[PDB]
Protein chains: 2
Amino acid sequence: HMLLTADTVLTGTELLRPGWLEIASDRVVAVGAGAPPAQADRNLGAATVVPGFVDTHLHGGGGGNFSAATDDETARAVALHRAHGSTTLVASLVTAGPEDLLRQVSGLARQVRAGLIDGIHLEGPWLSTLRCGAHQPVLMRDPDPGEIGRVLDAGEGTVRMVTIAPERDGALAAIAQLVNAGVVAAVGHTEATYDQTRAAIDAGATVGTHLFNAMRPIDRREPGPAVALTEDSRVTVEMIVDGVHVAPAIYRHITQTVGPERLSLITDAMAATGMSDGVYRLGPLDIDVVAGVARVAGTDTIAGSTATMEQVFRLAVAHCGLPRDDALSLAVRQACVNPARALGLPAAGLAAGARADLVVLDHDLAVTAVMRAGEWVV
Amino acid sequence: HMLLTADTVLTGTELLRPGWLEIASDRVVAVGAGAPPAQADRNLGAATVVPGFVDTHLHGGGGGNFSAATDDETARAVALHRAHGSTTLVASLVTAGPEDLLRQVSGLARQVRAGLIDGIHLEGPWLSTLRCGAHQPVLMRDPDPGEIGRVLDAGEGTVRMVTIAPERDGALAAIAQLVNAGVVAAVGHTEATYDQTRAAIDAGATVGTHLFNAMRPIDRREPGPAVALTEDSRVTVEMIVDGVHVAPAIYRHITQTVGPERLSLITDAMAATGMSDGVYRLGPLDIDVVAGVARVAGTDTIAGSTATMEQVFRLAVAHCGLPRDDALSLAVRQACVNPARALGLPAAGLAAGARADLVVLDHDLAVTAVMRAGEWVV
Ligand SMILES: [Zn+2]
Ligand SMILES: [Zn+2]
Ligand SMILES: [Zn+2]
Ligand SMILES: [Zn+2]
């Protein structure tokens with residue numbers, strides 16, 4: 001149906017130069033290096049095609065908040081990230097009271113079924129008040145197996161990931177309850193010790209919520225959660241590489257520690273992504289200054305990013321310390337393959353049978369086109 | 001000349017079970033697996049043979065202080081550690097005034113030539129006063145190329161390693177000066193930033209002085225010296241795994257990051273090693289030794305260890321999280337191969353032509369015999 005060629009094709013596992021894809025219907029039919037098996041329909045130029053970006057932890061964008069759980073706000077959040085190459089999105093909810101939580105899950109679950117987003121992430125309410133950040137600590141509470149059951153029932157299988165503070169009473173049981181329901185259990189926003197975090201991993205936690213942020217630091221006597229999470233090969237750690245949340249040497253250090261398959265790039269994007277500076281909302285209030293740097297109003301407590309996956313992809317390539325081609329392969333694993341795997345999402349690899357989600361990047365790695373389900377979004 | 005057998009022989013690169021070595025005079029002639037090519041002279045039973053331990057950073061033992069620079073105190077420190085398998089020793093000097101420094105270097109340089117010790121390590125005086133520990137901060141000073149030249153001349157090539165605080169004025173010049181003299185430049189006792197430590201590494205520093213101790217901690221925005229040192233493959237980091245200085249998960253974490261060849265086990269042993277408790281007055285400082293645990297009398301700042309390489313080898317094996325055989329193989333690289341390589345000392349590997357330094361361990365991995373220069377010390 002459509003046969004595309006390009007000077008660089010990243011499949012998830014290989015680097016094709018030049019490369020070509022047969023996309024036909026809604027699947028990738030074939031991929032290979034060299035000249036295509038037939039005449040091409042669209043011959044791209046000096047561009048790099050990568051698989052669609054898979055953002056597994058974001059709160060909104062383009063002025064829209066996923067926490068609003070309305071068709072209009074989700075569409076405008078979805079519109080921005082999709083325009084920038086994020087072909088899969090897991091919508092994150094911050095801490096909230098029991099009633100609103102149920103309303104938000106039900107409202108978003110419809111938009112998953114509708115296809116705008118691919119899943120729900122519960123960041124809160126079961127977090128630590130000492131590591132709140134952009135959350136309202138007063139509403140945080142111990143994970144109660146009754147409410148957990150109600151939320152997944154309300155989601156009809158749409159809750160994909162829940163962040164848990166392993167030091168709250170009943171946290172290890174709640175992790176077991178979540179993992180038995182097929183939900184990913186993540187550790188974050190926690191003052192848990194190394195020992196308490198290691199316990200959560202054995203209970204079934206497999207993801208680290210934005211490593212080093214709202215997280216006990218590494219100390220020579222108390223390693224904290226970050227060491228437990230990077231230690232265990234079952235865990236995929238998140239990192240915000242927007243240039244603000246953690247130093248590039250930290251990103252480099254963790255990649256060194258966990259290897260190519262065990263780190264997921266996320267944006268933690270707030271509603272200001274793609275807009276201008278100004279005062280915004282999340283649950284409390286944010287002020288956005290600098291280059292879209294948001295802090296909870298007058299605290300220097302950083303409240304998410306204003307970055308897109310395109311930007312974190314660019315910074316990962318630039319700051320990972322590898323040459324460009326090796327950097328592209330690493331960043332594609334970290335921004336596409338690994339996060340979808342960690343959350344049991346459809347393999348982002350560009351291989352025969354996979355859904356045709358791909359992004360076209362120019363030499364400077366800016367997005368020039370985006371395909372999802374075999375149709376051009378841009 | 002002498003043909004020894006034992007059920008397990010680790011050479012540095014292989015695990016032989018059972019194994020045999022042919023020793024003639026002070027060299028290893030040959031090594032192999034299985035039954036020996038002739039009848040053995042010493043048939044070791046259910047023991048494990050390891051290469052001699054290479055302690056590249058220690059301050060004394062058995063009541064003796066290397067800082068004393070006297071035949072009697074050096075003899076008693078060397079005798080104890082040598083009895084426990086440390087067949088190669090670099091004597092470390094704590095911070096001291098210019099006059100005292102010259103006397104001590106000359107005194108130790110004599111004992112290098114005599115064969116008691118194999119080199120001198122200058123830990124201080126060119127360090128930061130904010131991370132002194134068991135040092136007298138008043139005496140620390142900026143590295144002056146005149147005094148540095150005088151110290152190496154006095155040592156006649158026996159000074160093997162100098163710890164440098166990369167944040168002191170003239171630190172990057174001093175590092176270049178040391179490496180041009182064939183001296184190892186180590187980073188330690190420092191508030192350097194990631195950027196300042198990275199500069200020192202590029203200037204020729206190749207060792208990190210007891211990582212995480214007397215060292216700026218890792219922070220998400222200011223990574224500090226430990227990441228710079230672990231990031232760069234030219235650096236071998238020392239670590240004290242005596243159970244007191246750093247948590248085993250940190251040892252495990254760093255090994256994960258830098259790999260099997262880039263960490264050196266050290267003791268940092270003080271004069272109370274092998275003795276009883278009391279107050280020991282090391283480095284013109286009262287040191288209270290409580291239950292092996294020696295800390296600067298008063299504070300909770302630990303002032304070195306009371307461990308031997310046998311003990312740090314044992315704890316590394318137990319806490320590295322690997323299966324027994326792999327733990328033995330890893331620990332031998334960290335306790336024998338890596339430290340001798342980092343300081344350009346004779347390869348501790350047990351291979352044809354190498355000097356016959358070996359250690360006999362029983363089932364609990366305690367030292368039962370020690371060979372040096374092909375002769376049994378115990
Ligand atoms: Zn968060
Ligand atoms: Zn978040
Ligand atoms: Zn020290
Ligand atoms: Zn020392």
# chains A, B, ... in the order shown; residues from 1 in each chain; ligands from 1
>>> select_by_dssp(residues="segment 29-266 of chain B", states="alpha helix (DSSP H)", output="MDAnalysis selection string")
chainID B and resid 71:83 98:114 145:155 171:180 194:202 225:231 248:258
>>> residues_around(residues="residue 38 of chain A", least_positions_apart="6", cutoff="12 Å", atoms="only C-alpha atoms", output="number ranges by chain")
A: 1-5, 20-22, 30
>>> residues_near_ligand(ligand="ligand 4", cutoff="12 Å", atoms="only C-alpha atoms and all ligand atoms", output="PDB file with N, CA and C atoms, in the first residue's frame")
ATOM      1  N   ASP B  55      47.285  -4.555  49.210  1.00  0.00           N
ATOM      2  CA  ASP B  55      46.685  -3.448  49.950  1.00  0.00           C
ATOM      3  C   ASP B  55      47.412  -2.164  49.566  1.00  0.00           C
ATOM      4  N   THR B  56      46.733  -1.289  48.828  1.00  0.00           N
ATOM      5  CA  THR B  56      47.346  -0.086  48.280  1.00  0.00           C
ATOM      6  C   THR B  56      47.036   1.166  49.091  1.00  0.00           C
ATOM      7  N   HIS B  57      46.482   1.017  50.297  1.00  0.00           N
ATOM      8  CA  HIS B  57      46.114   2.178  51.111  1.00  0.00           C
ATOM      9  C   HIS B  57      45.889   1.688  52.542  1.00  0.00           C
ATOM     10  N   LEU B  58      46.917   1.811  53.383  1.00  0.00           N
ATOM     11  CA  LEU B  58      46.788   1.452  54.787  1.00  0.00           C
ATOM     12  C   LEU B  58      47.762   2.303  55.585  1.00  0.00           C
ATOM     13  N   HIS B  59      47.449   2.491  56.867  1.00  0.00           N
ATOM     14  CA  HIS B  59      48.200   3.417  57.698  1.00  0.00           C
ATOM     15  C   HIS B  59      49.034   2.742  58.776  1.00  0.00           C
ATOM     16  N   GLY B  60      48.838   1.454  59.025  1.00  0.00           N
ATOM     17  CA  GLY B  60      49.605   0.776  60.051  1.00  0.00           C
ATOM     18  C   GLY B  60      48.909  -0.503  60.482  1.00  0.00           C
ATOM     19  N   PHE B  66      52.774   3.688  60.178  1.00  0.00           N
ATOM     20  CA  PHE B  66      53.635   4.032  59.055  1.00  0.00           C
ATOM     21  C   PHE B  66      54.058   5.493  59.116  1.00  0.00           C
ATOM     22  N   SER B  67      53.204   6.361  59.671  1.00  0.00           N
ATOM     23  CA  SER B  67      53.554   7.772  59.788  1.00  0.00           C
ATOM     24  C   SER B  67      54.735   7.988  60.724  1.00  0.00           C
ATOM     25  N   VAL B  90      51.343  -0.689  50.206  1.00  0.00           N
ATOM     26  CA  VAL B  90      51.699   0.702  49.965  1.00  0.00           C
ATOM     27  C   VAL B  90      51.395   1.448  51.254  1.00  0.00           C
ATOM     28  N   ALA B  91      52.427   2.022  51.865  1.00  0.00           N
ATOM     29  CA  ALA B  91      52.277   2.659  53.164  1.00  0.00           C
ATOM     30  C   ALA B  91      51.722   4.063  52.982  1.00  0.00           C
ATOM     31  N   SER B  92      50.621   4.350  53.667  1.00  0.00           N
ATOM     32  CA  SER B  92      49.930   5.621  53.525  1.00  0.00           C
ATOM     33  C   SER B  92      50.323   6.565  54.650  1.00  0.00           C
ATOM     34  N   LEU B  93      50.519   7.830  54.291  1.00  0.00           N
ATOM     35  CA  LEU B  93      50.847   8.895  55.225  1.00  0.00           C
ATOM     36  C   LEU B  93      49.682   9.869  55.297  1.00  0.00           C
ATOM     37  N   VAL B  94      49.280  10.217  56.517  1.00  0.00           N
ATOM     38  CA  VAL B  94      48.219  11.193  56.725  1.00  0.00           C
ATOM     39  C   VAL B  94      48.799  12.593  56.574  1.00  0.00           C
ATOM     40  N   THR B  95      47.925  13.600  56.559  1.00  0.00           N
ATOM     41  CA  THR B  95      48.355  14.986  56.418  1.00  0.00           C
ATOM     42  C   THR B  95      49.415  15.337  57.454  1.00  0.00           C
ATOM     43  N   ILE B 120      54.929   4.165  48.737  1.00  0.00           N
ATOM     44  CA  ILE B 120      54.381   5.161  49.649  1.00  0.00           C
ATOM     45  C   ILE B 120      53.167   5.816  49.004  1.00  0.00           C
ATOM     46  N   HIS B 121      52.112   5.990  49.795  1.00  0.00           N
ATOM     47  CA  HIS B 121      50.927   6.737  49.401  1.00  0.00           C
ATOM     48  C   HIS B 121      50.817   7.979  50.272  1.00  0.00           C
ATOM     49  N   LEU B 122      50.727   9.140  49.634  1.00  0.00           N
ATOM     50  CA  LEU B 122      50.547  10.409  50.332  1.00  0.00           C
ATOM     51  C   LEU B 122      49.062  10.763  50.323  1.00  0.00           C
ATOM     52  N   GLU B 123      48.373  10.458  51.425  1.00  0.00           N
ATOM     53  CA  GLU B 123      46.991  10.899  51.621  1.00  0.00           C
ATOM     54  C   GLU B 123      47.054  12.204  52.400  1.00  0.00           C
ATOM     55  N   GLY B 124      47.054  13.317  51.671  1.00  0.00           N
ATOM     56  CA  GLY B 124      47.355  14.593  52.268  1.00  0.00           C
ATOM     57  C   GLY B 124      48.797  14.980  52.023  1.00  0.00           C
ATOM     58  N   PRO B 125      49.147  16.243  52.300  1.00  0.00           N
ATOM     59  CA  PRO B 125      48.329  17.284  52.931  1.00  0.00           C
ATOM     60  C   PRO B 125      47.445  18.109  51.985  1.00  0.00           C
ATOM     61  N   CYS B 132      37.976  16.520  56.484  1.00  0.00           N
ATOM     62  CA  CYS B 132      39.237  16.086  57.081  1.00  0.00           C
ATOM     63  C   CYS B 132      39.122  14.701  57.705  1.00  0.00           C
ATOM     64  N   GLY B 133      38.201  14.511  58.646  1.00  0.00           N
ATOM     65  CA  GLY B 133      38.128  13.210  59.293  1.00  0.00           C
ATOM     66  C   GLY B 133      39.285  13.062  60.261  1.00  0.00           C
ATOM     67  N   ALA B 134      40.035  11.966  60.144  1.00  0.00           N
ATOM     68  CA  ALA B 134      41.142  11.740  61.061  1.00  0.00           C
ATOM     69  C   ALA B 134      42.392  12.525  60.690  1.00  0.00           C
ATOM     70  N   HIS B 135      42.246  13.634  59.973  1.00  0.00           N
ATOM     71  CA  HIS B 135      43.357  14.506  59.627  1.00  0.00           C
ATOM     72  C   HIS B 135      43.244  15.808  60.411  1.00  0.00           C
ATOM     73  N   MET B 161      51.634   6.924  45.029  1.00  0.00           N
ATOM     74  CA  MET B 161      50.296   7.476  44.882  1.00  0.00           C
ATOM     75  C   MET B 161      50.155   8.687  45.789  1.00  0.00           C
ATOM     76  N   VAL B 162      49.472   9.710  45.284  1.00  0.00           N
ATOM     77  CA  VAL B 162      49.161  10.912  46.044  1.00  0.00           C
ATOM     78  C   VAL B 162      47.683  11.219  45.860  1.00  0.00           C
ATOM     79  N   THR B 163      46.982  11.434  46.967  1.00  0.00           N
ATOM     80  CA  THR B 163      45.584  11.826  46.908  1.00  0.00           C
ATOM     81  C   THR B 163      45.524  13.340  46.758  1.00  0.00           C
ATOM     82  N   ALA B 186      45.417  10.369  42.787  1.00  0.00           N
ATOM     83  CA  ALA B 186      44.146   9.875  43.288  1.00  0.00           C
ATOM     84  C   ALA B 186      43.307  11.070  43.712  1.00  0.00           C
ATOM     85  N   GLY B 188      40.495  12.477  46.264  1.00  0.00           N
ATOM     86  CA  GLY B 188      39.893  12.138  47.548  1.00  0.00           C
ATOM     87  C   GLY B 188      39.873  13.318  48.497  1.00  0.00           C
ATOM     88  N   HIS B 189      39.168  13.122  49.617  1.00  0.00           N
ATOM     89  CA  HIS B 189      39.043  14.122  50.685  1.00  0.00           C
ATOM     90  C   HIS B 189      38.721  15.493  50.088  1.00  0.00           C
ATOM     91  N   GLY B 208      40.325   6.781  42.604  1.00  0.00           N
ATOM     92  CA  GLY B 208      39.452   7.490  43.522  1.00  0.00           C
ATOM     93  C   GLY B 208      39.711   7.023  44.939  1.00  0.00           C
ATOM     94  N   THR B 209      40.169   7.909  45.822  1.00  0.00           N
ATOM     95  CA  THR B 209      40.504   7.530  47.195  1.00  0.00           C
ATOM     96  C   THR B 209      39.251   7.236  48.014  1.00  0.00           C
ATOM     97  N   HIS B 210      39.211   6.029  48.600  1.00  0.00           N
ATOM     98  CA  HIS B 210      38.056   5.405  49.247  1.00  0.00           C
ATOM     99  C   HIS B 210      36.734   6.090  48.931  1.00  0.00           C
ATOM    100  N   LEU B 211      36.183   5.758  47.763  1.00  0.00           N
ATOM    101  CA  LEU B 211      34.905   6.273  47.288  1.00  0.00           C
ATOM    102  C   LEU B 211      33.855   6.287  48.392  1.00  0.00           C
ATOM    103  N   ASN B 213      33.714   7.937  51.096  1.00  0.00           N
ATOM    104  CA  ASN B 213      34.239   8.370  52.383  1.00  0.00           C
ATOM    105  C   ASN B 213      35.067   9.627  52.167  1.00  0.00           C
ATOM    106  N   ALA B 214      34.861  10.628  53.025  1.00  0.00           N
ATOM    107  CA  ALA B 214      35.510  11.931  52.876  1.00  0.00           C
ATOM    108  C   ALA B 214      35.285  12.471  51.467  1.00  0.00           C
ATOM    109  N   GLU B 238      38.966   2.768  44.848  1.00  0.00           N
ATOM    110  CA  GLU B 238      39.139   1.965  46.048  1.00  0.00           C
ATOM    111  C   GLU B 238      37.858   2.022  46.873  1.00  0.00           C
ATOM    112  N   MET B 239      37.577   0.936  47.593  1.00  0.00           N
ATOM    113  CA  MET B 239      36.461   0.906  48.534  1.00  0.00           C
ATOM    114  C   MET B 239      36.800   0.057  49.750  1.00  0.00           C
ATOM    115  N   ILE B 240      36.487   0.585  50.930  1.00  0.00           N
ATOM    116  CA  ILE B 240      36.634  -0.136  52.190  1.00  0.00           C
ATOM    117  C   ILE B 240      35.348  -0.907  52.477  1.00  0.00           C
ATOM    118  N   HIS B 245      32.482   1.282  56.905  1.00  0.00           N
ATOM    119  CA  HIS B 245      32.630   2.516  56.152  1.00  0.00           C
ATOM    120  C   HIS B 245      31.508   2.743  55.144  1.00  0.00           C
ATOM    121  N   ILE B 266      40.518  -2.090  49.560  1.00  0.00           N
ATOM    122  CA  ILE B 266      41.558  -1.627  50.465  1.00  0.00           C
ATOM    123  C   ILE B 266      41.059  -1.829  51.888  1.00  0.00           C
ATOM    124  N   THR B 267      41.981  -1.708  52.837  1.00  0.00           N
ATOM    125  CA  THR B 267      41.617  -1.761  54.244  1.00  0.00           C
ATOM    126  C   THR B 267      41.592  -0.393  54.898  1.00  0.00           C
ATOM    127  N   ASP B 268      42.487   0.513  54.493  1.00  0.00           N
ATOM    128  CA  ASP B 268      42.709   1.767  55.214  1.00  0.00           C
ATOM    129  C   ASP B 268      43.021   1.483  56.678  1.00  0.00           C
ATOM    130  N   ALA B 269      43.708   0.367  56.917  1.00  0.00           N
ATOM    131  CA  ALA B 269      43.896  -0.136  58.269  1.00  0.00           C
ATOM    132  C   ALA B 269      44.751   0.815  59.091  1.00  0.00           C
ATOM    133  N   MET B 270      44.310   1.051  60.318  1.00  0.00           N
ATOM    134  CA  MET B 270      45.029   1.817  61.319  1.00  0.00           C
ATOM    135  C   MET B 270      45.834   0.883  62.225  1.00  0.00           C
ATOM    136  N   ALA B 271      46.621   1.486  63.122  1.00  0.00           N
ATOM    137  CA  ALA B 271      47.551   0.736  63.964  1.00  0.00           C
ATOM    138  C   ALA B 271      46.874  -0.251  64.910  1.00  0.00           C
ATOM    139  N   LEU B 282      46.750   8.152  66.582  1.00  0.00           N
ATOM    140  CA  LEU B 282      47.250   8.086  65.213  1.00  0.00           C
ATOM    141  C   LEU B 282      47.137   9.441  64.533  1.00  0.00           C
ATOM    142  N   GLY B 283      48.130   9.762  63.705  1.00  0.00           N
ATOM    143  CA  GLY B 283      48.149  11.009  62.981  1.00  0.00           C
ATOM    144  C   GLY B 283      47.976  12.195  63.904  1.00  0.00           C
ATOM    145  N   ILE B 302      34.409   7.758  61.557  1.00  0.00           N
ATOM    146  CA  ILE B 302      35.268   6.581  61.580  1.00  0.00           C
ATOM    147  C   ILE B 302      36.638   6.941  61.023  1.00  0.00           C
ATOM    148  N   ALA B 303      37.682   6.623  61.784  1.00  0.00           N
ATOM    149  CA  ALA B 303      39.058   6.993  61.463  1.00  0.00           C
ATOM    150  C   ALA B 303      39.800   5.742  60.999  1.00  0.00           C
ATOM    151  N   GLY B 304      39.510   5.316  59.774  1.00  0.00           N
ATOM    152  CA  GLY B 304      40.112   4.117  59.233  1.00  0.00           C
ATOM    153  C   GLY B 304      39.425   2.858  59.726  1.00  0.00           C
ATOM    154  N   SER B 305      39.984   1.725  59.321  1.00  0.00           N
ATOM    155  CA  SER B 305      39.473   0.412  59.682  1.00  0.00           C
ATOM    156  C   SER B 305      40.470  -0.306  60.580  1.00  0.00           C
ATOM    157  N   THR B 306      40.008  -1.402  61.179  1.00  0.00           N
ATOM    158  CA  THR B 306      40.886  -2.352  61.847  1.00  0.00           C
ATOM    159  C   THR B 306      40.900  -3.690  61.112  1.00  0.00           C
TER     160      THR B 306
END
>>> select_by_dssp(residues="segment 134-166 of chain A", states="strand (DSSP E or B)", output="list in words")
residues 159, 160, 161, 162, 163 and 164 of chain A
>>> residues_around(residues="residue 228 of chain B", least_positions_apart="6", cutoff="7 Å", atoms="only C-alpha atoms", output="ChimeraX atom specification")
/B:194,197-198
>>> interface_residues(of="chain B", to="chain A", cutoff="7 Å", atoms="only C-alpha atoms", output="ChimeraX atom specification")
/B:212,217-223,227,231,246-247,249-250,253,256-257
>>> residues_around(residues="segment 44-49 of chain A", least_positions_apart="3", cutoff="12 Å", atoms="only C-alpha atoms", output="PyMOL selection string")
chain A and resi 3-12+15-21+31+40-41+52-53+85+324-325+328-329+332+350+356-371
>>> write_last_selection(atoms="N, CA and C atoms", output="CSV table (one decimal), in the first residue's frame")
chain,number,residue,atom,x,y,z
A,3,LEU,N,5.1,2.1,0.6
A,3,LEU,CA,6.5,1.7,0.8
A,3,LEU,C,7.4,2.9,0.9
A,4,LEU,N,7.8,3.1,2.2
A,4,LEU,CA,8.7,4.3,2.5
A,4,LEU,C,10.1,3.8,2.6
A,5,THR,N,11.0,4.7,2.1
A,5,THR,CA,12.5,4.6,2.3
A,5,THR,C,13.0,5.8,3.0
A,6,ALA,N,14.2,5.6,3.7
A,6,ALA,CA,14.9,6.6,4.4
A,6,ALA,C,16.3,6.3,4.6
A,7,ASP,N,17.2,7.3,4.7
A,7,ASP,CA,18.6,7.1,4.9
A,7,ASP,C,18.9,6.4,6.2
A,8,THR,N,18.1,6.6,7.3
A,8,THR,CA,18.3,5.9,8.5
A,8,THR,C,17.0,5.4,9.0
A,9,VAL,N,17.0,4.1,9.3
A,9,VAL,CA,15.8,3.4,9.9
A,9,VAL,C,16.2,2.7,11.2
A,10,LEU,N,15.6,3.1,12.3
A,10,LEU,CA,15.8,2.4,13.6
A,10,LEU,C,14.6,1.5,13.9
A,11,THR,N,14.8,0.2,14.0
A,11,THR,CA,13.7,-0.7,14.2
A,11,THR,C,13.4,-1.0,15.7
A,12,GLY,N,14.2,-0.6,16.6
A,12,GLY,CA,14.1,-1.0,18.0
A,12,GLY,C,15.3,-1.8,18.4
A,15,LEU,N,19.9,-0.8,13.2
A,15,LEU,CA,20.1,0.5,12.5
A,15,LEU,C,20.3,0.2,11.0
A,16,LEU,N,19.3,0.7,10.3
A,16,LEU,CA,19.3,0.4,8.8
A,16,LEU,C,19.8,1.7,8.0
A,17,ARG,N,20.8,1.5,7.2
A,17,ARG,CA,21.3,2.6,6.4
A,17,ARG,C,21.7,2.1,5.0
A,18,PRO,N,21.0,2.5,4.0
A,18,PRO,CA,19.7,3.2,4.1
A,18,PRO,C,18.7,2.1,4.5
A,19,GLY,N,17.4,2.5,4.7
A,19,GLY,CA,16.4,1.6,5.1
A,19,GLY,C,15.1,1.8,4.4
A,20,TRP,N,14.2,0.8,4.5
A,20,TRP,CA,12.9,0.9,3.9
A,20,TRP,C,11.9,0.2,4.7
A,21,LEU,N,10.6,0.6,4.6
A,21,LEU,CA,9.5,0.0,5.3
A,21,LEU,C,8.4,-0.2,4.3
A,31,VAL,N,10.7,-4.8,6.9
A,31,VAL,CA,11.8,-3.8,7.1
A,31,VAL,C,13.1,-4.5,6.8
A,40,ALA,N,9.7,2.6,-4.5
A,40,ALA,CA,9.1,3.3,-3.3
A,40,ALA,C,8.0,4.2,-3.7
A,41,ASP,N,7.1,4.4,-2.7
A,41,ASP,CA,6.1,5.4,-3.0
A,41,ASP,C,6.6,6.8,-2.5
A,52,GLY,N,7.5,5.2,17.1
A,52,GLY,CA,6.7,6.2,17.9
A,52,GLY,C,7.2,6.2,19.4
A,53,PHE,N,7.2,7.4,20.0
A,53,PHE,CA,7.6,7.5,21.3
A,53,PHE,C,6.5,7.0,22.3
A,85,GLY,N,5.4,13.2,18.1
A,85,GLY,CA,5.9,11.8,18.0
A,85,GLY,C,5.5,10.9,19.1
A,324,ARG,N,26.6,9.5,17.7
A,324,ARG,CA,25.2,9.7,17.3
A,324,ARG,C,24.5,8.4,17.0
A,325,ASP,N,25.1,7.6,16.2
A,325,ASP,CA,24.4,6.3,15.8
A,325,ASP,C,24.1,5.4,17.0
A,328,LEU,N,21.5,7.1,19.1
A,328,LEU,CA,20.1,6.8,18.5
A,328,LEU,C,19.6,5.5,19.0
A,329,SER,N,20.4,4.4,18.8
A,329,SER,CA,20.0,3.1,19.2
A,329,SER,C,19.6,3.0,20.7
A,332,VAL,N,16.4,5.1,21.4
A,332,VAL,CA,15.2,4.4,20.9
A,332,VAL,C,14.8,3.3,21.8
A,350,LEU,N,9.8,-1.9,15.3
A,350,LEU,CA,9.3,-1.8,14.0
A,350,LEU,C,9.8,-3.1,13.3
A,356,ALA,N,2.1,0.3,12.7
A,356,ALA,CA,3.0,1.3,12.0
A,356,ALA,C,2.9,2.6,12.8
A,357,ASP,N,3.7,2.7,13.9
A,357,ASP,CA,3.9,3.9,14.6
A,357,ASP,C,5.4,4.3,14.4
A,358,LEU,N,5.6,5.4,13.8
A,358,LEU,CA,7.0,5.9,13.5
A,358,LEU,C,7.0,7.4,13.5
A,359,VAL,N,8.2,8.0,13.6
A,359,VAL,CA,8.4,9.4,13.7
A,359,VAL,C,9.5,9.7,12.7
A,360,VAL,N,9.4,10.8,12.0
A,360,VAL,CA,10.5,11.2,11.1
A,360,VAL,C,11.2,12.4,11.7
A,361,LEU,N,12.5,12.2,11.9
A,361,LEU,CA,13.4,13.2,12.4
A,361,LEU,C,14.4,13.7,11.4
A,362,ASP,N,14.7,15.0,11.4
A,362,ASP,CA,15.7,15.5,10.5
A,362,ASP,C,17.1,15.3,11.1
A,363,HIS,N,18.2,15.9,10.5
A,363,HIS,CA,19.5,15.7,10.9
A,363,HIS,C,19.7,16.2,12.4
A,364,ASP,N,19.1,17.4,12.7
A,364,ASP,CA,19.2,17.9,14.1
A,364,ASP,C,18.2,17.1,15.1
A,365,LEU,N,17.6,16.1,14.6
A,365,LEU,CA,16.6,15.3,15.3
A,365,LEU,C,15.3,16.0,15.7
A,366,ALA,N,14.8,16.9,14.9
A,366,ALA,CA,13.5,17.5,15.1
A,366,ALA,C,12.5,16.7,14.3
A,367,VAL,N,11.3,16.7,14.9
A,367,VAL,CA,10.2,15.9,14.3
A,367,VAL,C,9.7,16.6,13.0
A,368,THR,N,9.8,15.9,11.9
A,368,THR,CA,9.2,16.5,10.6
A,368,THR,C,7.9,15.8,10.2
A,369,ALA,N,7.7,14.5,10.6
A,369,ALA,CA,6.4,13.8,10.3
A,369,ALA,C,6.2,12.7,11.4
A,370,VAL,N,5.0,12.3,11.6
A,370,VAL,CA,4.6,11.3,12.6
A,370,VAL,C,3.5,10.4,12.0
A,371,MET,N,3.7,9.1,12.0
A,371,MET,CA,2.7,8.1,11.6
A,371,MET,C,2.3,7.3,12.7
>>> closest_residue(among="B:110, B:196, B:345, B:314", to="residue 182 of chain B", atoms="only C-alpha atoms")
B:345
>>> residues_around(residues="residue 126 of chain A", least_positions_apart="2", cutoff="7 Å", atoms="only C-alpha atoms", output="short mmCIF file (atom, residue, chain, number, x, y, z; two decimals) with N, CA and C atoms, in the first residue's frame")
data_model
loop_
_atom_site.label_atom_id
_atom_site.label_comp_id
_atom_site.auth_asym_id
_atom_site.auth_seq_id
_atom_site.Cartn_x
_atom_site.Cartn_y
_atom_site.Cartn_z
N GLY A 124 -0.17 8.52 43.02
CA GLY A 124 -1.00 8.89 44.13
C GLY A 124 -2.33 8.18 44.06
N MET A 140 -3.12 12.32 50.75
CA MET A 140 -2.45 11.03 50.71
C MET A 140 -2.90 10.15 51.87
N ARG A 141 -2.94 8.84 51.62
CA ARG A 141 -3.52 7.90 52.57
C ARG A 141 -2.94 6.52 52.32
N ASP A 142 -3.08 5.66 53.32
CA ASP A 142 -2.59 4.29 53.22
C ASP A 142 -3.38 3.53 52.16
N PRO A 143 -2.72 2.66 51.38
CA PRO A 143 -3.46 1.90 50.36
C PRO A 143 -4.40 0.91 51.03
N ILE A 164 3.59 3.51 44.27
CA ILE A 164 3.38 3.17 45.67
C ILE A 164 4.59 3.61 46.49
N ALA A 165 4.33 4.20 47.65
CA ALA A 165 5.38 4.46 48.63
C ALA A 165 5.52 3.23 49.53
#
>>> atom_distance(atom1="atom CA of residue 229 of chain B", atom2="atom CA of residue 263 of chain A")
21.7 Å
>>> closest_residue(among="A:174, A:322, A:23, A:28", to="residue 351 of chain A", atoms="only C-alpha atoms")
A:28
>>> closest_residue(among="A:114, A:286, A:128, A:352", to="ligand 1", atoms="only C-alpha atoms and all ligand atoms")
A:128
>>> closest_residue(among="B:373, B:35, B:105, B:289", to="residue 154 of chain B", atoms="only C-alpha atoms")
B:105
>>> residues_around(residues="residue 117 of chain A", least_positions_apart="6", cutoff="10 Å", atoms="only C-alpha atoms", output="list in words")
residues 66, 74, 75, 77, 78, 87, 88, 89, 90, 91, 108, 109, 110 and 111 of chain A
